[PDB]
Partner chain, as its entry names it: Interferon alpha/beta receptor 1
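Listed next as structure tokens is one chain, alone, in the form solved without its partner chain.
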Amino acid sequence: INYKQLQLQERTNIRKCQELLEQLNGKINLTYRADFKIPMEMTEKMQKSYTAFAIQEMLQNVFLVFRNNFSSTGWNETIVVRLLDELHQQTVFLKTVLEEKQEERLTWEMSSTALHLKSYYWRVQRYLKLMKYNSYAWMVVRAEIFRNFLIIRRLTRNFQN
């Protein structure tokens, strides 16, 4: 497995997700009352493979967030579909590339980093559910996901040596 192809692949693709996200509805306002407490780990340097596991986890959960109802925002559903497409493709890619590590990924799925990543998305989803998928909540989440994309680009530094 080579981390150089992967590194540039992810940088490019996550670039496209940012832009697609930005086309959704005006400027991203990073300063809202909400704090979902992004896990400290997402900024720590970690083993190259674990990094790939973490990015995969993030991308799969971000696909889950956009699976929800967003009619309240009046966003063009064709742009969300394109975001969902880009995220799906990266997932498929990482799922194949990381194949020789299936069993290690399975054990990592129960590590402290994985459990913190998951509870973080539980919170993001639960916030949307509690706010009844209203447009304000979606504006808050869009901005948070934007932050996830910024952190995903950061994680790709771990793929270089």
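Here the rigid core means the biggest group of C-alpha atoms that line up within 1.5 Å when the two forms are laid on top of each other. Residue numbers count along the first chain shown, from 1.
There is also a form solved in complex with its partner chain; it is not shown, and the following applies to it.
- Contact check for residue 160: no non-hydrogen atom falls within 4.5 Å of its partner chain in the deposited complex.
- Contact annotation: residue 47 falls outside 4.5 Å of its partner chain in the deposited complex, judged by heavy atom distances.
- The shortest heavy atom separation between residue 37 and its partner chain in the deposited complex exceeds 4.5 Å.
- Although the partner is absent from this view, residue 127 stays clear of its partner chain in the deposited complex, with no non-hydrogen atom inside 4.5 angstroms.
- Although its partner chain is omitted here, in the deposited complex none of 11, 31 and 148 has a heavy atom within 4.5 Å of it.
- Although its partner chain is not shown here, in the deposited complex the stretch 33-63 places heavy atoms of 60, 61, 63 within 4.5 Å of it, in sequence order.
- Of the residues 48, 101, 116, 123, just one CA atom moves 2 angstroms or more between the shown form and the other one under rigid-core superposition; it belongs to 101.
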